[PDB]
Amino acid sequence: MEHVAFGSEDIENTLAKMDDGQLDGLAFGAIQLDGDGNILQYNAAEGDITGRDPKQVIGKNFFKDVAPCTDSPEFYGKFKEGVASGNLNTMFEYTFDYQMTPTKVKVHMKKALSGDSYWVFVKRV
């Protein structure tokens, strides 16, 4: 296990040291996105929540292909605004219901320490 708590003030700092191996040790889902919504990293906890296979969704667009239920002003709109502004830090509850049993989650989106990368963090509620 990688002891990092969900919602940690300095989470972008802590996770800049991890490779996909270490990311898989998190107590929660973590997705890394580029500015366009493309998946750069997808960890095993997220796979456990959504039933997706990590390696199969890497390189796919999250809002277009993988998760259309987040293609909405309540999710994707917050993301596109963060990317445009170059700052992002927001936490909100959401239901994931695409090709899966509807599953209520807590989502935290935050800009990574690195230029054009963005984190999506997910835990069950």
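The first residue of the shown sequence is 1; numbering continues from there.
Remark: stretch with higher mean C-alpha B factor among 71-79 and 48-56 is 48-56.
Stretches 102-110 and 17-25 differ in mean CA B factor, with 17-25 having the higher one. Among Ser85, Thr95, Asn43, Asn89, the highest C-alpha B-factor in the deposited entry belongs to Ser85. Among all modelled residues in its chain, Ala5 ranks in the middle third by Cα B-factor.
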